[PDB]
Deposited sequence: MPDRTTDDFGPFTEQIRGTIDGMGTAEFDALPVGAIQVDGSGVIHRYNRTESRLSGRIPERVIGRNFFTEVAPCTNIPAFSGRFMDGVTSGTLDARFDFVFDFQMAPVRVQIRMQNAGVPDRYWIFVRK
């Protein structure tokens, strides 16, 4: 996975670094969130863009994965947007490039 195929994925896909800063953000995720990729890239996913994820079930799982070198998690979650609660399944894992990590979002 590491362009037009990337924005056409059936699942949402976000690439972050070890401190949480967004490097890649696809269109499928933009469609599920309402966020434009250009103002979101360069900002921190956990502290700025998606604060609802700043709990031990999500950001804690991310922090532990980075600190142990291997990020590998699969869990159910619910995104608390302005309109209504959107139930999703999250898949977190490492990338082919060092210091880079992936967050996959489905449904």
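**Student:** Spell out the unmodelled ranges of the deposited sequence for me, N- to C-terminal, numbering from the first residue.
**Tutor:** Several stretches lack coordinates - namely 1 to 19, 22 to 24, in sequence order.
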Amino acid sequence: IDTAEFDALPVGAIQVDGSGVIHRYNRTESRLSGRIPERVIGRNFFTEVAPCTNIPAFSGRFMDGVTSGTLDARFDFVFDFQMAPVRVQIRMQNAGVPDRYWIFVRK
From here on, numbers count along this sequence of modelled residues.
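**Student:** Using only C-alpha atoms and the B-factors in the entry, which stretch averages higher, 81 to 89 or 8 to 16?
**Tutor:** According to the PDB entry, the answer is 81 to 89.
**Student:** For the higher mean C-alpha B factor in the entry, choose 47 to 55 or 33 to 41.
**Tutor:** Mean CA B-factor is higher for 33 to 41.
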